[PDB]
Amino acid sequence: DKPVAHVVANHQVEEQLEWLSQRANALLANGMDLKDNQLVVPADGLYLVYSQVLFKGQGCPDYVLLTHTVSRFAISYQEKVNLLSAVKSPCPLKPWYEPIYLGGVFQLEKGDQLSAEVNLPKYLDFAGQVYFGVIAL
């Protein structure tokens, strides 16, 4: 009955975090739509909003910071605003893996567009459990 979305990273397009709706364990239902890499809410309501990303690296040659952010572009406030955000400094040539997982509940309105992105897609890990999802409560 209730709008849901679970979209996953496109592995074939490294250098950009591109969300896919038809894929490994991926879904888009009951009005949830995916336009311009943004999930779009089909009705005012409460929503669980979540995203995970997995960052891979062999050594820390030059110093890296990773950011991961889920953000809302509301009809009510027509500017991009952070809902969930995190920063990590994975720098420990030893290999490293760093996940980042965000989740929260949010009141949203029909037409609001949610986006989930990172600063450095090249560091993402093709491996699927990179996902971005929305569930209407």
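Note that residue numbering begins at 1 and tracks the sequence as displayed.
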Indicate whether the chain is continuous between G104 and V105 or, if not, how many deposited residues are absent from the coordinates: none, 1 to 3, 4 to 9, or 10 or more. none
Gap between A127 and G128, counted in deposited residues with no coordinates, falls in the class 1 to 3
Between 23 to 31 and 44 to 52, which has the higher average C-alpha B-factor in the PDB entry? 23 to 31
Out of 105 to 113 and 57 to 65, which stretch has the higher average CA B-factor listed in the record? 57 to 65
Reading the B-factor column of the entry, which of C91, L39, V81, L84 has the highest value at its C-alpha atom? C91
Pull the Cα B-factor of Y77 out of the PDB entry and bin it into the chain's lowest, middle or highest third. middle
